[PDB]
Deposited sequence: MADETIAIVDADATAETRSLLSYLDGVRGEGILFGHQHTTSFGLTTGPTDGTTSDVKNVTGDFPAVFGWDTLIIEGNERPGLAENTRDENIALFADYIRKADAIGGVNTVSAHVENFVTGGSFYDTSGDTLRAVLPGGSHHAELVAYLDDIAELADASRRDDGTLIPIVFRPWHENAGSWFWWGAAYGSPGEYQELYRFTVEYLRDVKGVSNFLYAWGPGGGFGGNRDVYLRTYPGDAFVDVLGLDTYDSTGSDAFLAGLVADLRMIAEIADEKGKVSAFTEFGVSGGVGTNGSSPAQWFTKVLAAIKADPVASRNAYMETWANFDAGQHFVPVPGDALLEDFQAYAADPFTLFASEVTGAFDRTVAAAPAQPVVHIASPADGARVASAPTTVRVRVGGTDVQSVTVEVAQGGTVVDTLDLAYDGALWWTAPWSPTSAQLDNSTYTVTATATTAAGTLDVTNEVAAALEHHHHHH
C-alpha cells in the first residue's frame, strides 16, 4: 500500500510509484528529453535511435516528452498534422520507449492561449484567464482533453496502459513562463495545478498518470520557500527540482546538494517520491552552451557524497535539438568524455538496468478527502461584477457545502454542478468553505480582495 494521487491508478502505474520510491538512494535513473525524436548523431529520428544510445551504449532509463509535440512544435509532432495525428505519433514514441524498457515522463510547455504566443510569452494574463471561471478556461479544458487522449493512446500491444509521469506547470517560482510567480499568487497557481489533476483524474478518468510538481531550483534548502507553491499532498506524487549551472563551482554544488537533500526529506516525510526533474549545464553543452570542466561527474560526485541528497529517483537533462543547443555531448564537444564517465558510473541507471518497475503488486491507500475553493483562489483579486464561488470536495461523498464571506458579510449555500464543483452566486476578504462530508466536516479558507 502506497500513497498515490490517483487511488484508482492502474496496476503498472502504482507499480511505478512503488519502483520510483524504492530506487531512491540505490540508484538514480538518467533521463533524456526527446531522446529518440531529436538527435545529432542519429540521423532522421523515428523513435528508436538516440544520441545517448550512440555515445553510451544504452538508452536513458527515462524518456522525456512535452505537449509541444501535440502542438506540432517538437517532433514527432508536425505543424501540418492535426493535433489528433500528433497525439498518435506521441503515443507511438511512448510505446517504443516502453518497449525499449524505459520509463516515460511528460512536461507541458503550454502555449499562451490568450495571445497566441508561446510559453515564453508572459503577457495576456493567461494564468488567471485560464483558471476556473476564467475568460479562457475552455481553452485549457480543450488542451487537457488532448492530454487525456494521449494518456489513453499510450498502451502496449496488449492494450495495457503505459504509466506516464506528468509534470505540468513547472518552474512556476520563476517568471519566464506565463504560469509563473509574477502572474498569479501562490494560491492562483495551486488552483491551476489542482484543477489540472482533478480534470484529468476525476473528469477524464485518466488512470495511468503519476503527477509531478517542480517549482524550480536554487532554494538553498528552504522548505518554506520551496513549498509556498505546493499543490498539497492529494495532488502530487513526485516532488521535483530543476537546476542548470555552467560553473561547476563548489558554491553551486553546495546549493544543489542542499536542494536535493531537502526535497528528499519532504518526500520521506510525506511518503512520496523526489527526483532531480531537470538538470544540466546552462545553455546546453554545445556551440552556444558551455563546457565546464568535468561538470557531469562533479555533480554525480556531489550527489553520491550525500546519503540524503542521493535519495532522488531520477535526473533528466534536456533535449539535443541541435549543435548550438543540446544537453548531451556528441563527438566534438569537450564534455563528451566526462558524460561517458558519468554514464559508466554504477550509480547511474539506464534503460537496460531498469527491472521490476511495472510488474509489482501494490495497493493504493484510499484517496484522502480534500476541499479547496476553486474560485476565487487564494491571494486573488475579486471583481465587483457578480462571480461564481466554486468549491471542490474530493475523496468522499459530500452531503452539503457552505461558504462564509467574512471581513461575516455573507453566507452561501452551495449546490453540486453535477460534474466537478459545488457552486453558488456571489456579488461582493475571507472566504471559508465548509463541506459536511461522509468523511466528516471539512473546511478551508481562501483570502482575497475587491477592486
> Counting from 1 along the deposited sequence, what's missing?
Replying inline: 1 to 4, 412 to 414, 436 to 444, 468 to 475
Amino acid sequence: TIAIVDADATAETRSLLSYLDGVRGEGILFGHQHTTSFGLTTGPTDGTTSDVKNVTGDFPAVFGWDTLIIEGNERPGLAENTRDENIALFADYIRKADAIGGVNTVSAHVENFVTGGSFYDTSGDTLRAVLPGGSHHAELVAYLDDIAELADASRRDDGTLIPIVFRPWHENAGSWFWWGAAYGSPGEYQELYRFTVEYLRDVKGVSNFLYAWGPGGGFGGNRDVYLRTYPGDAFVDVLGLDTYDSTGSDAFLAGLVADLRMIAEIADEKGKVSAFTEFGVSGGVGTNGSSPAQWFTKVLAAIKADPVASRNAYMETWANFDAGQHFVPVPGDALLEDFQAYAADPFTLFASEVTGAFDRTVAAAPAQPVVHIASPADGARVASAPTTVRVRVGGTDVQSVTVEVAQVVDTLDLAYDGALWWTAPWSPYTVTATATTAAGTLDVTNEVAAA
From here on, numbers count along this sequence of modelled residues.
> Should the higher mean CA B-factor in the entry be assigned to 357 to 365 or to 307 to 315?
Replying inline: 357 to 365
> Do the CA atoms of 132 to 140 or those of 214 to 222 have the higher mean B-factor in the entry?
Replying inline: 214 to 222
>> I'd like to know which of 41, 407, 49, 33 has the highest C-alpha temperature factor in the PDB entry.
In response: 407
> For the listed 188, 250, 278, 121, which has the peak Cα B-factor recorded in the PDB entry?
Replying inline: 250
> Among the modelled residues of its chain, does the C-alpha B-factor of residue 255 lie in the lowest, middle or highest third?
Replying inline: lowest
> Lowest, middle or highest third: where is residue 245 by Cα B-factor in its chain?
Replying inline: middle
>> Split into thirds by Cα B-factor across the chain's modelled residues, where does residue 322 land: lowest, middle or highest?
In response: middle
> When the modelled residues of the chain are sorted by Cα temperature factor, does residue 419 land in the lowest, middle or highest third?
Replying inline: highest
>> Splitting the chain's C-alpha B-factors into thirds, which one does residue 67 fall into?
In response: lowest
